[PDB]
Amino acid sequence: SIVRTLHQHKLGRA
Amino acid sequence: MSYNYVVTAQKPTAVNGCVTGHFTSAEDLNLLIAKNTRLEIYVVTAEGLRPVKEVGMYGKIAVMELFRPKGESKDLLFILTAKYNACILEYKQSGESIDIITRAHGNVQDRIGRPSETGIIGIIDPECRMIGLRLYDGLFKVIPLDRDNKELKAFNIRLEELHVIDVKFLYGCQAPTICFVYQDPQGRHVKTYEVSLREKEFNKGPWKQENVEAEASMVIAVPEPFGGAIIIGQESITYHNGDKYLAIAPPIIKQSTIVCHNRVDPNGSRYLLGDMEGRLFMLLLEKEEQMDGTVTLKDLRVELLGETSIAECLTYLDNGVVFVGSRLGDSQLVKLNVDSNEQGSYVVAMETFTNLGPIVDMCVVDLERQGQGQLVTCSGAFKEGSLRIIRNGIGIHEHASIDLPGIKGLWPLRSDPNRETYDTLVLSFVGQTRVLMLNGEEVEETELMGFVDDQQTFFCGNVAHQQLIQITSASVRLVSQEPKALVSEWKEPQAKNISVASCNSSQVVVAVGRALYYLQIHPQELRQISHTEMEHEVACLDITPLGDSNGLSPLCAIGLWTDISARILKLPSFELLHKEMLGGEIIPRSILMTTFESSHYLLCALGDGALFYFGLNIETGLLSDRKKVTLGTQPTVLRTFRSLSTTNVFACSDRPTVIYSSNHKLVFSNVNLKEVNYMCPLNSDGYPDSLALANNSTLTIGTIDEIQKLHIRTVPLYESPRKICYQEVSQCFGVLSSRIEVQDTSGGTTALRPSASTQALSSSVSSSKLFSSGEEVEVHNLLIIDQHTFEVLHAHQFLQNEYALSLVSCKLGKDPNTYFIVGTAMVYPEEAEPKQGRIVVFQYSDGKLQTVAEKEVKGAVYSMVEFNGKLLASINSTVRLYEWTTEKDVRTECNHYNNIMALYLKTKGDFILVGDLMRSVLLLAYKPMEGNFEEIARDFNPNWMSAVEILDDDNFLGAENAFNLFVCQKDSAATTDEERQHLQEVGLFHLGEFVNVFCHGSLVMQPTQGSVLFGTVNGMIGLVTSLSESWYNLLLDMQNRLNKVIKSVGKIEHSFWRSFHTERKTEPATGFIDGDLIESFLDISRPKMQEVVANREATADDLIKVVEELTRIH
């Protein structure tokens, strides 16, 4: 799930 | 050849770090809050926090620790930026002005280095021999803390263990000793090394390496009494020391990750523990007495204290008070109680601090119908999630408003000595005085006793002794409260009249041309005292109760007429103390000294629109600091008001403002009104606690808004908001949200709390039947938020495992309805890439959401924009352009597919567009006739994109995962197969913020071109505009000049700050203006201003025109 990893960035995460 | 300009609109509000100690002085307890590029210094008080000092740094604060080197009275501040700027900082008060000085600095960045996972760790050893730095894998860096080393030289010490999770220096240790958990194959461990600085070696530590939990991630070093290391991991907590080992695993702390700790009592008996759910724990060290041995550790324990906002930072203070630094939500100040309340909560909120959080998306609307932009963000996440409505300026609420022309002044007036409410506010017409007999409902034109309807009032305050005072043009008159008859009067021995009033509640301290008297209205008469004469004609006056006076007032402010001056006397007195030449040729119009809260100033409004302000003092009598600031284009008129506890100044002019103050530095905020000529505070009958307002040719009364430059609304959601669109015809917002649910006993999913999508007024679920062939899950929804009430009118749920990624609101082709549309994806934890997903076409004509069209796709619809009445959209590296049949369906047009993950789309209204991930960017046109996509140009850099925007036809703006901005342009030269095929990065600049959304609009509207707003992970709002070559160059020039002038905290070079920086490369900034820097030109001293005008003309007064003009872009 790149989708996840992706969104996490938007929240400023790993 | 690209010219751009970035300013901050709203500072970063997310809290990144926070430390407590003795930095201001030793008798003093401070709290330093790190935001990003900003540092906040408070003093802990019985009530909360004393704001003392806020500065900026030229870098992102990445380590922030306080320490005490040998023989130092107070603490020093260690700071390390993400670009590897290290400095030691000191707090120095000298004067009444504060300065944050650099004891030492240097850049500690290495050429050999791969920035480890878990980023930078900065630790300091307990004896202050050294600072330990973990910047890259396989190395440990060391900056020795001997009183030399002002340049901060360092050595590295090859670290055998190349994957460290966390490290601390151990207490109660003979040599500097580290303690750290690391991962290899075989699992995770703890190891210890001593650090010898004579040797630059890593020597065997004091105790053998043990294994710790697979998820161990936090290392706390316990102070000398116990002196060991606690190790926090999922499921498990454990103390280690020499040959001691202790281990609790309470099943309460398994639900959610512990992410932050803090020490409560200095000996290490009790700690705080911050959880990803927002739950606060107390970790308790059961200490146990021998008689002789040393005090030991008996047992470990955890108490669930309650719930805070999701803590990133945490710090205990004085006496049960804990500061909660949040990145995902509002920061707070909370109280810890020994006894729980109802629900078992030991925690109680005291204060809450606005965090515009991660701003995941946003848009601009004209909510209040006026041409002022309003910004509404998707903010926060999980339980902290929210909308925030953001407004420029101060607002006032309009009640009944009498269309009453030519008015000339007003004062807070009644008609009784009773009810603190008032029924008639006698003002002053064109040359005249009139009456408003008002029951607080409708007005009346019955004129009054002695207040001759053919003369004029200058001051009219609540004078005791049963009288309604009326210092008039002719000369002070008297009309009694009860008797209402003309009591006593004044008249000038010659044939002359009062020209300038000034009073409080028992005085008539006026001026006749150049003469200055003082006539006391005691029990209904007149009683003179002192008298002088001015060298010039008197323009304006100030006196009011200042110190401990009531009746007779102490000092004296005077604005004169030919020499253009403001002077400080006494009153009585009038003696000369300080004459300030204001220069130029416009006379002063109003003069004011005022109680802020604690400190005093002088303010003078010239008739041009400008205002000056100085460093006064209500007890001695002597001026100081100088500053100039323009408001209106008309003569400005001043007045004080108290709204909350505090007292500000309302300035009346064509651009009505309010004078404020942060710490005690001066702030100037707009008021959202047309024009305002006169004004006074109130407390009335038909219109209670309020403000009267005399305008152009109307009158008005209403209450008043917060304070700040920005107004902020806040609509809590208790779940993650992810995208937002406004639909005007529906007069509501569409908002994409996500909520978490856990595993059920029956394998199902439920929800930890009521969310906006569960508590929605009407609701609905997905009846699609396509995809059909201790555990966390995201349920995703599309919310329908009302435009005025911001209630959740409707909530549509999506299929299980369907994530909503994109959202638009538009008309399509010939259909005259507005659909909202959503682009989704089927996410399974296992699957690396979404194989399925859909675009869904909704209609909210009213009341409910109808599914109007559904369209299966073959990947994650990462984004979509409306085109030319078509539907442009990307799907897992593919850019399609759907058409909308008169038969209600989306049929495919063409699709571009040369790109790796197309995340972002924008449209040059017409037929051009951007898009392309990991690559960087790409330009693409739609050829009408061909019915086709033509790939026009491409930028060939490895920018991992986060946001994208078309500034114009030939300018494309983009934000990238490394806090840099850049601008691309298509080449303007021959050989259109090659050079017209590549696009040159014509602009480069390092922001220091992560950008999630750009979108065109502005907050100002009631020298620069265009307005692009942007929101950031830190809750910072920014703005980009365009410039001409000459402005750019004027500004470029002024920036270097300024760098030389402006002292920098730590002494970091502004050019180094703003440089483009990735892993691959480092460049000076190009085509970009740091508007924040340009703006800070107004803060520097008159000497330092001149320093940089030297060399059409060249003048400072001239430059502050240009900068004042730039400030109002946002």
# chains A, B, ... in the order shown; residues from 1 in each chain; ligands from 1
call {"tool": "closest_atom_pairs", "arguments": {"of": "chain B", "to": "chain A", "cutoff": "8 Å", "atoms": "only C-alpha atoms", "output": "Markdown table"}}
result
| residue | atom | partner | partner_atom | distance |
| --- | --- | --- | --- | --- |
| B:328 | CA | A:11 | CA | 7.9 |
| B:358 | CA | A:11 | CA | 5.7 |
| B:360 | CA | A:10 | CA | 6.2 |
| B:381 | CA | A:11 | CA | 7.8 |
| B:827 | CA | A:1 | CA | 6.4 |
| B:828 | CA | A:1 | CA | 6.7 |
| B:829 | CA | A:1 | CA | 5.8 |
| B:830 | CA | A:1 | CA | 6.9 |
| B:831 | CA | A:1 | CA | 5.6 |
| B:832 | CA | A:1 | CA | 4.4 |
| B:833 | CA | A:1 | CA | 5.6 |
| B:834 | CA | A:1 | CA | 7.0 |
| B:860 | CA | A:3 | CA | 7.9 |
| B:994 | CA | A:12 | CA | 7.8 |
| B:996 | CA | A:10 | CA | 6.3 |
| B:1017 | CA | A:12 | CA | 6.0 |
call {"tool": "select_by_dssp", "arguments": {"residues": "chain A", "states": "helix (DSSP H, G or I)", "output": "list in words"}}
result
residues 2, 3, 4, 5, 6, 7, 8, 9 and 10 of chain A
call {"tool": "write_last_selection", "arguments": {"atoms": "N, CA, C and O atoms", "output": "PDB file, in the first residue's frame"}}
result
ATOM      1  N   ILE A   2       1.278   1.654  -1.204  1.00  0.00           N
ATOM      2  CA  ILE A   2       1.942   2.937  -1.404  1.00  0.00           C
ATOM      3  C   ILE A   2       0.993   4.086  -1.003  1.00  0.00           C
ATOM      4  O   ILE A   2       1.393   5.012  -0.287  1.00  0.00           O
ATOM      5  N   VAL A   3      -0.265   3.991  -1.428  1.00  0.00           N
ATOM      6  CA  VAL A   3      -1.306   4.904  -0.983  1.00  0.00           C
ATOM      7  C   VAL A   3      -1.134   5.346   0.464  1.00  0.00           C
ATOM      8  O   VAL A   3      -1.220   6.552   0.739  1.00  0.00           O
ATOM      9  N   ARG A   4      -0.899   4.389   1.372  1.00  0.00           N
ATOM     10  CA  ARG A   4      -0.723   4.683   2.795  1.00  0.00           C
ATOM     11  C   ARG A   4       0.514   5.514   2.999  1.00  0.00           C
ATOM     12  O   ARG A   4       0.433   6.712   3.269  1.00  0.00           O
ATOM     13  N   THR A   5       1.661   4.851   2.859  1.00  0.00           N
ATOM     14  CA  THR A   5       2.986   5.476   2.894  1.00  0.00           C
ATOM     15  C   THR A   5       2.949   6.875   2.302  1.00  0.00           C
ATOM     16  O   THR A   5       3.566   7.802   2.831  1.00  0.00           O
ATOM     17  N   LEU A   6       2.238   6.996   1.184  1.00  0.00           N
ATOM     18  CA  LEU A   6       2.070   8.268   0.534  1.00  0.00           C
ATOM     19  C   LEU A   6       1.382   9.193   1.500  1.00  0.00           C
ATOM     20  O   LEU A   6       2.035  10.025   2.088  1.00  0.00           O
ATOM     21  N   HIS A   7       0.078   9.049   1.689  1.00  0.00           N
ATOM     22  CA  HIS A   7      -0.627   9.940   2.589  1.00  0.00           C
ATOM     23  C   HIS A   7       0.153  10.309   3.880  1.00  0.00           C
ATOM     24  O   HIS A   7       0.031  11.429   4.399  1.00  0.00           O
ATOM     25  N   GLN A   8       0.960   9.384   4.397  1.00  0.00           N
ATOM     26  CA  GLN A   8       1.625   9.621   5.663  1.00  0.00           C
ATOM     27  C   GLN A   8       2.502  10.850   5.604  1.00  0.00           C
ATOM     28  O   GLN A   8       2.509  11.692   6.521  1.00  0.00           O
ATOM     29  N   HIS A   9       3.251  10.926   4.512  1.00  0.00           N
ATOM     30  CA  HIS A   9       3.992  12.108   4.127  1.00  0.00           C
ATOM     31  C   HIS A   9       3.188  13.403   4.273  1.00  0.00           C
ATOM     32  O   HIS A   9       3.747  14.411   4.746  1.00  0.00           O
ATOM     33  N   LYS A  10       1.898  13.365   3.899  1.00  0.00           N
ATOM     34  CA  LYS A  10       1.055  14.578   3.884  1.00  0.00           C
ATOM     35  C   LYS A  10       0.911  15.037   5.310  1.00  0.00           C
ATOM     36  O   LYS A  10       0.875  16.249   5.567  1.00  0.00           O
TER      37      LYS A  10
END
call {"tool": "closest_residue", "arguments": {"among": "B:799, B:849, B:566, B:402", "to": "residue 442 of chain B", "atoms": "only C-alpha atoms"}}
result
B:402
call {"tool": "residues_around", "arguments": {"residues": "residue 808 of chain B", "least_positions_apart": "2", "cutoff": "8 Å", "atoms": "only C-alpha atoms", "output": "PDB file with C-alpha atoms, in the first residue's frame"}}
result
ATOM      1  CA  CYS B 725     -14.397  21.417  -2.232  1.00  0.00           C
ATOM      2  CA  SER B 806      -9.612  12.916  -4.941  1.00  0.00           C
ATOM      3  CA  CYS B 810     -18.361  20.808 -11.224  1.00  0.00           C
ATOM      4  CA  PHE B 820     -19.549  16.226  -6.971  1.00  0.00           C
ATOM      5  CA  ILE B 821     -17.122  13.576  -7.806  1.00  0.00           C
ATOM      6  CA  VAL B 822     -14.878  11.292  -5.999  1.00  0.00           C
ATOM      7  CA  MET B 864      -8.665  14.803 -10.875  1.00  0.00           C
ATOM      8  CA  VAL B 865      -9.433  18.327 -12.105  1.00  0.00           C
ATOM      9  CA  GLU B 866     -12.295  19.715 -14.193  1.00  0.00           C
TER      10      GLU B 866
END
call {"tool": "residues_around", "arguments": {"residues": "segment 603-617 of chain B", "least_positions_apart": "5", "cutoff": "7 Å", "atoms": "only C-alpha atoms", "output": "PyMOL selection string"}}
result
chain B and resi 586-593+622-636
call {"tool": "write_last_selection", "arguments": {"atoms": "N, CA and C atoms", "output": "compact mmCIF listing (two decimals), in the first residue's frame"}}
result
# COMPACT_ATOMS: atom_id res chain seq x y z
N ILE B 586 2.90 68.53 7.77
CA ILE B 586 1.50 68.26 8.19
C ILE B 586 1.34 68.35 9.73
N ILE B 587 0.33 69.07 10.21
CA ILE B 587 0.23 69.19 11.66
C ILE B 587 -0.31 67.89 12.30
N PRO B 588 0.14 67.58 13.54
CA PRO B 588 -0.42 66.50 14.35
C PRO B 588 -1.95 66.67 14.47
N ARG B 589 -2.68 65.56 14.52
CA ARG B 589 -4.14 65.63 14.57
C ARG B 589 -4.68 65.04 15.87
N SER B 590 -4.02 63.99 16.36
CA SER B 590 -4.35 63.42 17.66
C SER B 590 -3.10 62.98 18.37
N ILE B 591 -3.15 63.01 19.70
CA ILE B 591 -2.01 62.59 20.53
C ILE B 591 -2.42 61.66 21.70
N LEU B 592 -1.63 60.61 21.92
CA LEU B 592 -2.00 59.62 22.92
C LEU B 592 -0.82 58.94 23.58
N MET B 593 -0.87 58.88 24.92
CA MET B 593 -0.07 57.94 25.74
C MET B 593 -1.03 56.94 26.42
N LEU B 622 9.82 61.66 29.65
CA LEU B 622 10.92 61.72 28.67
C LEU B 622 10.75 60.68 27.57
N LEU B 623 10.93 61.11 26.32
CA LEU B 623 10.69 60.25 25.16
C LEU B 623 11.94 59.47 24.78
N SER B 624 11.78 58.44 23.94
CA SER B 624 12.88 57.53 23.52
C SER B 624 12.81 57.05 22.06
N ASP B 625 12.39 55.80 21.87
CA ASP B 625 12.38 55.10 20.57
C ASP B 625 11.58 55.87 19.53
N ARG B 626 11.94 55.71 18.26
CA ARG B 626 11.18 56.33 17.17
C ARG B 626 10.80 55.33 16.10
N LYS B 627 9.59 55.48 15.57
CA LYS B 627 9.09 54.62 14.51
C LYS B 627 7.97 55.35 13.77
N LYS B 628 7.80 55.00 12.51
CA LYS B 628 6.80 55.63 11.67
C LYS B 628 6.02 54.53 10.98
N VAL B 629 4.71 54.73 10.85
CA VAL B 629 3.84 53.74 10.25
C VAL B 629 2.63 54.47 9.73
N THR B 630 2.32 54.32 8.45
CA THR B 630 1.14 54.96 7.85
C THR B 630 -0.13 54.09 7.88
N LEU B 631 -1.26 54.69 8.16
CA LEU B 631 -2.50 53.97 8.04
C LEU B 631 -3.32 54.58 6.91
N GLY B 632 -4.24 55.48 7.28
CA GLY B 632 -5.13 56.12 6.32
C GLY B 632 -4.44 57.06 5.35
N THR B 633 -5.23 57.63 4.45
CA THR B 633 -4.77 58.70 3.58
C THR B 633 -5.37 60.00 4.11
N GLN B 634 -6.32 59.85 5.04
CA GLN B 634 -6.94 60.97 5.72
C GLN B 634 -6.37 61.14 7.15
N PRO B 635 -6.54 62.34 7.76
CA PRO B 635 -6.09 62.51 9.15
C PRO B 635 -6.66 61.46 10.12
N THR B 636 -5.78 60.69 10.74
CA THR B 636 -6.23 59.64 11.65
C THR B 636 -6.69 60.15 13.03
call {"tool": "residues_around", "arguments": {"residues": "segment 741-758 of chain B", "least_positions_apart": "4", "cutoff": "7 Å", "atoms": "only C-alpha atoms", "output": "short mmCIF file (atom, residue, chain, number, x, y, z; two decimals) with C-alpha atoms, in the first residue's frame"}}
result
data_model
loop_
_atom_site.label_atom_id
_atom_site.label_comp_id
_atom_site.auth_asym_id
_atom_site.auth_seq_id
_atom_site.Cartn_x
_atom_site.Cartn_y
_atom_site.Cartn_z
CA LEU B 717 -14.38 16.56 13.43
CA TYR B 718 -12.86 13.77 15.57
CA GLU B 719 -11.61 12.04 12.38
CA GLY B 774 -6.50 -6.01 17.64
CA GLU B 775 -6.73 -5.02 13.97
CA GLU B 776 -6.97 -1.52 12.43
CA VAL B 777 -9.04 -0.35 9.50
CA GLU B 778 -9.90 3.01 7.80
CA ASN B 781 -16.61 8.92 3.84
CA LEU B 783 -19.17 14.59 4.23
CA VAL B 792 -22.60 17.72 8.95
CA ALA B 795 -22.36 11.27 5.40
#
call {"tool": "atom_distance", "arguments": {"atom1": "atom CA of residue 393 of chain B", "atom2": "atom CA of residue 684 of chain B"}}
result
25.5 Å
call {"tool": "residues_around", "arguments": {"residues": "segment 918-927 of chain B", "least_positions_apart": "6", "cutoff": "7 Å", "atoms": "only C-alpha atoms", "output": "mmCIF file with N, CA and C atoms, in the first residue's frame"}}
result
data_model
loop_
_atom_site.group_PDB
_atom_site.id
_atom_site.type_symbol
_atom_site.label_atom_id
_atom_site.label_comp_id
_atom_site.auth_asym_id
_atom_site.auth_seq_id
_atom_site.Cartn_x
_atom_site.Cartn_y
_atom_site.Cartn_z
ATOM 1 N N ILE B 900 5.794 7.875 -14.068
ATOM 2 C CA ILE B 900 5.763 6.989 -12.923
ATOM 3 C C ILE B 900 4.927 7.675 -11.868
ATOM 4 N N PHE B 911 -5.926 24.488 -22.374
ATOM 5 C CA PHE B 911 -5.738 23.101 -22.757
ATOM 6 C C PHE B 911 -4.428 22.490 -22.306
ATOM 7 N N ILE B 912 -3.591 23.282 -21.647
ATOM 8 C CA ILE B 912 -2.331 22.754 -21.092
ATOM 9 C C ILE B 912 -2.459 22.231 -19.613
ATOM 10 N N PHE B 933 -3.871 14.106 -26.543
ATOM 11 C CA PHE B 933 -2.824 14.510 -25.624
ATOM 12 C C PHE B 933 -1.510 14.564 -26.398
ATOM 13 N N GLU B 934 -0.791 15.664 -26.232
ATOM 14 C CA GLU B 934 0.520 15.832 -26.819
ATOM 15 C C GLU B 934 1.445 16.197 -25.688
ATOM 16 N N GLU B 935 2.463 15.382 -25.439
ATOM 17 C CA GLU B 935 3.417 15.714 -24.379
ATOM 18 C C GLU B 935 4.338 16.854 -24.807
ATOM 19 N N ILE B 936 4.171 18.038 -24.220
ATOM 20 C CA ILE B 936 4.911 19.202 -24.711
ATOM 21 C C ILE B 936 6.351 19.327 -24.246
ATOM 22 N N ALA B 937 6.552 19.350 -22.934
ATOM 23 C CA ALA B 937 7.910 19.441 -22.381
ATOM 24 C C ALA B 937 8.021 18.625 -21.112
ATOM 25 N N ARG B 938 9.199 18.602 -20.507
ATOM 26 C CA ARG B 938 9.412 17.868 -19.252
ATOM 27 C C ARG B 938 10.612 18.427 -18.482
ATOM 28 N N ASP B 939 10.546 18.383 -17.160
ATOM 29 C CA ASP B 939 11.685 18.766 -16.341
ATOM 30 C C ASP B 939 12.365 17.470 -15.981
ATOM 31 N N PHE B 940 13.679 17.430 -16.103
ATOM 32 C CA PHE B 940 14.373 16.194 -15.896
ATOM 33 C C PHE B 940 15.176 16.289 -14.629
ATOM 34 N N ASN B 941 14.514 16.385 -13.479
ATOM 35 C CA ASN B 941 15.229 16.303 -12.197
ATOM 36 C C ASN B 941 14.568 15.323 -11.228
ATOM 37 N N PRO B 942 15.349 14.747 -10.305
ATOM 38 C CA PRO B 942 14.714 13.775 -9.440
ATOM 39 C C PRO B 942 14.022 14.437 -8.245
ATOM 40 N N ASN B 943 13.051 15.307 -8.516
ATOM 41 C CA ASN B 943 12.229 15.922 -7.456
ATOM 42 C C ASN B 943 11.052 15.044 -7.066
ATOM 43 N N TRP B 944 10.985 14.627 -5.804
ATOM 44 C CA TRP B 944 9.831 13.870 -5.356
ATOM 45 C C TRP B 944 8.784 14.913 -5.007
ATOM 46 N N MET B 945 7.773 15.001 -5.847
ATOM 47 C CA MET B 945 6.814 16.060 -5.772
ATOM 48 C C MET B 945 5.872 15.951 -4.562
#
call {"tool": "residues_around", "arguments": {"residues": "segment 465-472 of chain B", "least_positions_apart": "3", "cutoff": "10 Å", "atoms": "only C-alpha atoms", "output": "count of residues only"}}
result
50
